[PDB]
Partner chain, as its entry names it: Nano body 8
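Encoded as structure tokens, the following chain is the form deposited without the partner chain, with no partner shown.
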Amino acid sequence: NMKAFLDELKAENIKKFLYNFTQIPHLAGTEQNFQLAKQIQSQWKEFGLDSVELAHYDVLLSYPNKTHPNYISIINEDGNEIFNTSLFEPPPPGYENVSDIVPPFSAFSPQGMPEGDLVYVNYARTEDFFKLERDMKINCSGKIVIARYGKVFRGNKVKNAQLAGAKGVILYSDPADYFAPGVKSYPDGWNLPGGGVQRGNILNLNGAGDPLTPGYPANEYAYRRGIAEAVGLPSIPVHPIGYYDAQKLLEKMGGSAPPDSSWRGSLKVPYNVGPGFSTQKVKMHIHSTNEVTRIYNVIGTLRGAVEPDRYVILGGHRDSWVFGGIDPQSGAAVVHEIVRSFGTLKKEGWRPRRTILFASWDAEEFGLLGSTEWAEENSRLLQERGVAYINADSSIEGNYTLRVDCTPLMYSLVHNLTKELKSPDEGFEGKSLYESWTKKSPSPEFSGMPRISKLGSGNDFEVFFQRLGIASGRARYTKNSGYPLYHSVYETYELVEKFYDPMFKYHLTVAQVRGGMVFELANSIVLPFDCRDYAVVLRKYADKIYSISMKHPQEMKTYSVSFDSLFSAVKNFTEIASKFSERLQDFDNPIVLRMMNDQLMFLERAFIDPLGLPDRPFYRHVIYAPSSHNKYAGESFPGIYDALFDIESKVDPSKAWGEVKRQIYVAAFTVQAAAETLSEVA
């Protein structure tokens, strides 16, 4: 039973897998990551799973030229390079003889050597640019922008810069965002040194997966787009730097002063916006290449005893920018011990009711490529058989409390499960995870319950949830800016053991939460989804988008913009979902059981519109999508939200409001249609 599963998980095992996964870099497309995949495949076979396979794809990746390093320069009038940025990060103690630490670089930057004047754009958010162009009347065209990391996904920053006319982007880590007060730099604390740099891709894929093969798996016979038709690639060069290098670039900044304090970091510089310094310019040198490279997912199967054609999936990535001490090996080590523990019951003669699939995804760091291509290959099986997807990237971002993001269909399952688990928090010994989680992170929606956020993107659940409509969830420990050492060489096992989780108790709790969700999904007779929870949030989301529109009362009058159809649909959903729940509590018959479970499994599916959202065909869920301004954040009724965004600035109001009304219709229709899936079937 579940307790047997849960008691078998050990903090010590997790510790030792983490150690094992973090001694050398495991960059996607490298032989080191192929050999770690082969290791995981033998171990999962030894641990007891029925079959364990590699699935490979040939996808577009990006790497620096080893003989031709990327860097940025201040040049004087004569064209002399008077300051050059660092070529690599100072390695941490004990790691100086490690080969193949990829130098800091922005994956998928095009090649180039632009020189120009700098403008400073704060976080390069959509609103940052509005301020610059609209309020300050600064023009970024033909300028190189420098922007600090933080707040939004880096790909969005680059997209906004490109839209604004920039010809280069420089990203840096500001100590105000990546240096927590009162703690030391690595290795004596967990802060980012002035020499540390954040690697990361800067694509704008919008769910496409491999840039060359949107819609279709990048297998051996795949037809590939030419690079100039590739999806999501940036057209201006980009590179990241540490804050010692950044101070040199910013210290000379002239032109206009920062519009306000929100624009100032914590370096000793004026944070002037530019443009320009006075005869000195900036010059970038980027020589990275894009190359089609083979990647490898590991797929493990534990066959269900009763419904082997019903799939519960636990997945997370294995590739890392360098050592991956938190991101992702802290998640991967937890998956490994969950597989061990399931395989232990299996060996005692137990099987789950439903089939469980376990995945170690490749190339997540380069745009969720491994998960996406596998799902493109297997989409028919997933869509008619996929019960749920539980993600398993990093178990920790912090040591304060639990963080859960999921579909409303799982809200009750998580509430129940966390009441059965003990808190590991200091001061809550003998109290439940639910109790500590809800004191420390209370819902702002109401009640004596914990906050649960919306799924956005930036992780491997995206294809499952936003493209295919499979109920998905994730959980990890978090802090009270992500963590300072994110994607730097300094993110090591030692960082985790010394400063995050010395006793591996937080890891163990996250392993219990993830493992328990999976166990219930795979073995409970009736699926543990509550459709009434979707009815409640649909109403809150409708109220919200309604409020946004009501900022424009005159336009709503002129163009007759009614939300009545959406509210009607949400009422209908609320009433039908109540009746189904009654029927759920009132039946005996396995065909009936299977019919009702199918109704539950398909309800997430019902929110998918096969035409997709406007200009984003692979985002097909009508209720949720990644924010168009920040891939990491979820937005509700995305179609209507984006139609209303900045609408006072469009030239043809009647066309713009026409499209608002069209999206209201699409939403109202899709809510009604989803509701009807829960009606009596004949």
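Residue numbers count along the first chain shown, from 1.
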_Unmodelled in at least a third of other entries of this protein, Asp588_ = yes
_Residues of the deposited sequence that sit between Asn589 and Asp588 yet are not modelled_ = 1 to 3
*Looking at the deposited sequence, how many residues between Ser235 and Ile236 were given no coordinates in the entry: none, 1 to 3, 4 to 9, or 10 or more?*
none
*Looking at the deposited entry, does 646-654 or 625-633 carry the larger mean Cα B-factor?*
646-654
*With respect to the recorded C-alpha B factors, which stretch has the higher mean value, 137-145 or 238-246?*
137-145
*Whose C-alpha has the highest temperature factor in the PDB entry: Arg467, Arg318, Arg594, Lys347?*
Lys347
*Looking at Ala359, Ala161, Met601, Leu132, which has the biggest Cα B factor in the entry?*
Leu132
_Could you place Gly168 in the lowest, middle or highest third of its chain by Cα temperature factor, using the values in the record?_
middle
*Lowest, middle or highest third: where is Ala11 by Cα B-factor in its chain?*
highest
*asked:* Please place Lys422 in the lowest, middle or highest third of its chain according to the CA B-factor in the PDB entry.
replied: highest
*Relative to the other modelled residues of the same chain, rank the CA B-factor of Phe179 and answer lowest, middle or highest third.*
highest
*Third of the chain's Cα B-factor distribution that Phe563 belongs to, per the entry*: middle
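There is another form of the same protein, the form deposited with the partner chain bound; it is not shown, and what comes next is about it.
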_Heavy atom contact within 4.5 Å of the partner chain in the deposited bound form, the stretch among 81-89, 492-500, 267-275, 340-348_ = 81-89
*Within 4.5 Å of the partner chain in the deposited bound form, heavy atoms considered, which of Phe130, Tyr244, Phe587, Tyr400?*
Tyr244
*Answer with one of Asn76, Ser581, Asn416, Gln111: the residue that has a non-hydrogen atom within 4.5 Å of the partner chain in the deposited bound form.*
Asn76
*Partner contact for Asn139 in the deposited bound form: the partner chain, 4.5 angstroms, heavy atom*: no
*Please check if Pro193 has a heavy atom lying within 4.5 Å of any heavy atom of the partner chain in the deposited bound form.*
yes
*Could you tell me if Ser262 has a non-hydrogen atom within 4.5 Å of the partner chain in the deposited bound form?*
no
*Give a yes/no on whether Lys252 approaches the partner chain to within 4.5 Å in the deposited bound form, heavy atoms considered.*
yes
*Those residues of 258-294 which, in the deposited bound form, come within 4.5 Å of the partner chain by heavy atom*: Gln280
